[PDB]
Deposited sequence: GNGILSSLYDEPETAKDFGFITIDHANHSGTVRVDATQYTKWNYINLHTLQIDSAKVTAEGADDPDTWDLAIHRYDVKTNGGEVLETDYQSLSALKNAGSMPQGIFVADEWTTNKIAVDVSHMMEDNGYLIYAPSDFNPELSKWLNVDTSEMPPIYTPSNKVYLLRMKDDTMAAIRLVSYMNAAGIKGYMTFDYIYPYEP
């Protein structure tokens, strides 16, 4: 059995500043908004005319796509939140902001010659957490297994690591990630 109690902040550890988020991102018509500040989940429709973003959010997931709310992401070389925590040093690298896209966020795959996209923000760096090789029949799914640093507008930081992109039946689009928020070396 799988209820609504199986989605959202399924794990919260206020002492360790850690937790686990699980969202159903199988629909092409929806954004799943995550608020790491309030430990809250929300969703809204996304059409060919864009989306209705809530007043407050830190990141959003559509299928395997990620967008941030004026945030910037760095893909670290660490493959564990523990490995990052132990390093005791801020990982160096260029933080990547969102890009404005008109051909990335698919909202209608019913013409699959034609594929309808939403004009939308997109973070190409955090979305690296899953690679989908479309030149293969069927496509090949390769998770980076890397730890991502998310620097939000207020200069607070989160360390995100995708745990799974499939449910127990192998259905793709059920996204589970572990985080450290707020992350401080």
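Unmodelled regions of the deposited chain sequence (numbering from residue 1, in sequence order): 1-11, 124-127.
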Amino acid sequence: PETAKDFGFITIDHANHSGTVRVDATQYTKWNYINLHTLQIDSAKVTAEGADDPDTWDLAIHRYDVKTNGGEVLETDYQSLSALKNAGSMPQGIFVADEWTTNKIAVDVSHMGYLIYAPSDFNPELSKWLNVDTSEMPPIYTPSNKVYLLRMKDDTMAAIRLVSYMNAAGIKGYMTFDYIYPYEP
From here on, numbers count along this sequence of modelled residues.
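The PDB entry reports B-factors from which the mean C-alpha value can be compared for 85-93 and 69-77; the larger average falls on 85-93.
Taking only CA atoms, the mean B-factor in the PDB entry is higher for 2-10 than for the other of 2-10 and 174-182.
When the C-alpha B factors of 125, 121, 58, 55 are read from the deposited coordinates, the top value falls at 55. Among the modelled residues of its chain, residue 164 has a C-alpha B-factor that falls in the lowest third according to the deposited record. Sort the modelled residues of the chain by CA B factor and residue 38 lands in the highest third. Annotation for residue 130: C-alpha temperature factor in the lowest third relative to the rest of the modelled chain, per the entry. Looking at the C-alpha B-factors along this chain, the one for residue 105 belongs to the lowest third. The deposited CA B-factor of residue 150 belongs to the lowest third of values across its chain.
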